[PDB]
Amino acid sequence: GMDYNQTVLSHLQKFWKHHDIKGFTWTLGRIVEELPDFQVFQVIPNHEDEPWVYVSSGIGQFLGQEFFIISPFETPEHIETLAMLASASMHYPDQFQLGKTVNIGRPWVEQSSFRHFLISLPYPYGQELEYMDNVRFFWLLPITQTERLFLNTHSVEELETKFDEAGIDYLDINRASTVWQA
């Protein structure tokens, strides 16, 4: 509800003290029945060399975590994606845990080929963002289609090693895959 959403907003505002943050709500849609008062918060860049961050608010009251997307540009695609994930996480909470992949059902942004996220610790931001009393903030990291397939026969730890070693640019909608299979 409102009090919980304000706790999330305060948490984000404290972490990004000098950024404007916009909140979004629904008065129509899956949200209204399935997760009343759910919000998305948008952390707005101060300059062209900074990304946009979209953060859920409301999932953590049931799941113990919220999720965020780091985007190279402004797009309501992420608002739409997070509403879909709010519904999915209420139905299938076991699939919305660290180390799980999320099938977006479409590219994360239109021109990318990446259709999955890997639910990750918030490596770009650290522990000050990760924890807020009773609730954690996990990163929806886009992964390539071949990376997703790789996770069927290899661990998340192995993939995360490949990510560290490549130094993946998670803001590049066309970054190279870090894995190849025969």
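The numbering used is simple: start at 1 and walk along the sequence shown.
Per the PDB record, of the two stretches 44-52 and 114-122, 44-52 carries the greater mean B-factor over its C-alpha atoms. Between the stretches 156-164 and 169-177, it is 156-164 that shows the larger average CA temperature factor.
The PDB entry assigns its highest CA temperature factor, among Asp37, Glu130, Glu66, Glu33, to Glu33. As recorded in the entry, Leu28 carries the highest CA temperature factor of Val135, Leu28, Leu141, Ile59. Sort the chain's modelled residues by C-alpha temperature factor and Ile79 lands in the lowest third, per the entry. Per the deposited record, the Cα B-factor of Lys22 falls in the middle third when ranked against the other modelled residues of its chain.
Annotation for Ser87: CA B-factor lies in the middle third of the chain's modelled residues. Among the modelled residues of its chain, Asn103 has a C-alpha B-factor that falls in the middle third, as given in the PDB entry.
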